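Take a look at this single chain in structure tokens; it is the form solved without the named molecule.
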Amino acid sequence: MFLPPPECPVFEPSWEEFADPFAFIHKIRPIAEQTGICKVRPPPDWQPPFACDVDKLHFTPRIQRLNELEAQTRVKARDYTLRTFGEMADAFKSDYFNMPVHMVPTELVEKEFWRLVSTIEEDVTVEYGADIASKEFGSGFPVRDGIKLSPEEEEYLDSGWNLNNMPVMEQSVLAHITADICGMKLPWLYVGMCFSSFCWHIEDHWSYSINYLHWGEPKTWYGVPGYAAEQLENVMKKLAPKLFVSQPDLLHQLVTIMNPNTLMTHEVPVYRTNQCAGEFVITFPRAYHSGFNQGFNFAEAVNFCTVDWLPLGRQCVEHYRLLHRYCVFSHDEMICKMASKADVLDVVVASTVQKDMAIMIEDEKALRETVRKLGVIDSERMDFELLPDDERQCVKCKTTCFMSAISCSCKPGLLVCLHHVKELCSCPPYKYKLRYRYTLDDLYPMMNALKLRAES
């Protein structure tokens, strides 16, 4: 038996409220952060025209075995065209229920999905055109191409809700990042079929996510607020400890399907929604989400970071350190890049960056004092941003170093962060060197530039 979780919040903004996606996300935040997920219905007349081909888009989907609490990789079979996939997906659903596809109630597909995943005896497998990059097969939204676009497509070219534009807006903080982070700046496409699913997870660096269902049958979502994150993790650890083991890579991350009633029984707040064609779903920082597709569909998604997120981004990197998890980027490097462009930053952005930079500088001061008292006397400036990520990870916690690291003449090429000085080599401290990006003296004027920009 399945007891559907309560409905998540649904917003229907006016053209005025809709005008700015970031001001709207800030306005809904007090409500939506209590549920983790929320649904946004654009004004009735906001209708972008679709941009991908049925016979020219090709993809190899991931095969999915429908088994609850069975470990799966976050990212990992034949070739399909969007047309051939749809024929397969439609024949599957209609044969499964012995009904015309539009006639299958959503409540029934939902109950069936949850029965199916818990029944050991049924070995149902589906396919999911998941994490297809927008860079290669193109966005479902209009984009500037050196092809001719109809004035209808030109209306939506510069919309903040066109998911190609959201990352590069000034209210976005990932915009300013020069470093290669294609997984967090570029949209991903999801070609679903009945029962194709996404396991319980959170976004990298606890970022927000925005998902648009371009067309097709609904996408069913389950969401948990950010405040209940550790509570969900404690529940999932007791029932499936197998996927909670330490991982030596980001590409090897273990996720699973878990019934939301199991979470609800353990007093974890869970909300649901059926996202229909033309609707958006926004996931908030550290908000756990999972779901499945009701049928053949096409969605597009991108991650994003607001000014509200900056302190959480710092807390996340601190959490990755404790867990020995690899970072996608250095948060401190991002803060310093924004500090270096203080003059061109939005005044609200500059103000928030300044507040995080003050924390970073104060933590750096303490860490430098501690490593001096450990006997590390020699020091040399280092341009950490020039090193490939694999060349600047803490041997112990795997953090991407930016502000500083410790090196040893005994272990060439190896680096530790200032938290793990004792993990580097087995040589005396006088043989170590403090490698730093900036002196404390260079850092205070970088912060003053931000203060001048925010005070203007």
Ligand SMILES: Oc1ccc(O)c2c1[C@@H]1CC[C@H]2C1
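All residue numbers are counted from 1 along the displayed sequence.
What comes next is about the form deposited with the named molecule bound, which does not appear here.
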None of 114, 80, 271, 329 but one has a heavy atom within 4.5 Å of the named molecule in the bound PDB entry; the exception is 271
Exactly one of 276, 264, 101, 243 comes within 4.5 Å of the named molecule in the bound PDB entry through a heavy atom, and that residue is 264
Contacts from 39-67 to the named molecule in the bound PDB entry (any heavy atom within 4.5 Å), listed N to C, are none
